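Structure record follows, encoded as structure tokens.
Only heavy atoms go into these numbers, but all of them, side chains included; no hydrogens, no water, no symmetry mates. Naming convention: chains lettered A, B, ... in sequence-line order (proteins, then strands); numbering from 1 in each chain.
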Amino acid sequence: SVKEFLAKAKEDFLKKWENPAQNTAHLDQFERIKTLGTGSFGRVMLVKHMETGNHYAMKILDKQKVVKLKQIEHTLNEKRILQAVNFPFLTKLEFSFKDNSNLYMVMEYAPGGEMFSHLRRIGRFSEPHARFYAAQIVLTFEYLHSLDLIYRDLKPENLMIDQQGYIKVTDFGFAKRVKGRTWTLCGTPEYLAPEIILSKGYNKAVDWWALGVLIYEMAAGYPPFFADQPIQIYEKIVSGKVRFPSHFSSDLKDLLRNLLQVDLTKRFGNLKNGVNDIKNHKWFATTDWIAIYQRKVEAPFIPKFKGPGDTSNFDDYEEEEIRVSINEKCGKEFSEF
Amino acid sequence: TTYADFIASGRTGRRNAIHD
Ligand SMILES: NCC1CCN(c2ncnc3[nH]cnc23)CC1
């Protein structure tokens, strides 16, 4: 059963969680090819592992920048979790290491680019197209939540398309293993649950609210709560009044009403029957959950490819040195990494 | 239209995370 699959996955996870892999490679084992994305502590690059010729995505964080941004514990969360998970729609760590200046995490490369890019270009996804992605997220969250993990940054920018048109949920920077409630103000304005905005203790139900935002955005082409400044976005979210495009099917609206529910006692994914209230909603009635998990379903969109390290599905970013100081920075802070 | 309001907004690009 699902319960059986998940208990076994938890046994697997905890072994790695309690005894994390550390220092399993070094920088010069990799050829750096291109920056695929950037962020507050550095970037993610396409790299080639020389010994195998395999391509990977290497995330590089500047330790000093992590420290300035007060993201030390969050970064340690990211690495410790990613080395420990294993799931079809996640990119676990193949390798990690650090040097005087940086932290390095090496993961499976998803060559299809960000969902964000395709969603914006095309405008919006059909309900079947949105459902294919949504199913994969539902399953990932099922997996993650069973391990007492909250993800906390679902959005198109953070969903990578693979060669088969399936998803990888990347960007574990805010992911946290927590039983019960937590309090950090984090996430992305458009996707923040009202509990977060109202500075309450919250739980994994914030991820299910964020799923409502994503499905809405995929199907509409814009999010349910938007405005030029975050404060105005927060005011809309806490009203919770959502308006649906006329093209939204009856079932879709009903799903979204139950995901984008300000009342935690009624929010889908947070009820006594957990994720099954979502899995068994009418909008997903055509979804074969096992076949999605097995990647047997035919993806509604498959990315245009030229080669194994072709990068044409990514935007171009300015390439910046990877500099390594002769002095070790922030040794204590990142000792366990 | 809502689509037109979105595309004219400053939030159609990649959206940054917030923290504390
Ligand atoms: N949030 C958007 C970023 C785009 C670049 N990234 C990336 N790109 C490709 N394959 C990958 N495997 C793991 N991360 C990752 C990281 C995420």
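Proximity to chain B (any heavy atom under 4.5 Å) is restricted, for A:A227, to the backbone atoms N, CA, C and O. For a residue to count as touching a neighbouring chain, one of its non-hydrogen atoms must lie under 4.5 Å from one of that chain's; by this rule A:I233 touches chain B with the side chain only. Contacts of A:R243 with chain B are made by side-chain atoms alone, with heavy-atom separations under 4.5 Å and no backbone atom involved. With a 4.5 Å cut-off on non-hydrogen atoms, A:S40 does not touch chain B at all.
Note on ring orientation: taking the six-membered ring where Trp is involved, the planes of A:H129 and A:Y133 are tilted (angle from 30° to 60°). Between A:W209 and A:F225, the ring planes lie parallel to each other; the angle is under 30°, not in the 30° to 60° tilted range.
The two residues A:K155 and B:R15 make their nearest non-hydrogen contact at NZ-O, 2.6 Å.
Of all the listed residues (A:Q229, A:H74, A:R120), the one sharing the greatest number of non-hydrogen pairs under 4.5 Å with chain B is A:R120. If you tally non-hydrogen atom pairs under 4.5 Å between each of A:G187, A:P156, A:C186 and chain B, the highest count goes to A:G187.
By the 4.0 Å N-to-carboxylate-O rule, A:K63 lies too far from A:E333 to be salt-bridged with it.
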- Could you go step by step and tell me if A:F172 and A:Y151 meet the ring pair (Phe, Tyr, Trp, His ring centres under 6.0 Å) rule? CA-CA 7 Å; A:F172 268 59; A:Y151 171 63; 5.3 Å; yes
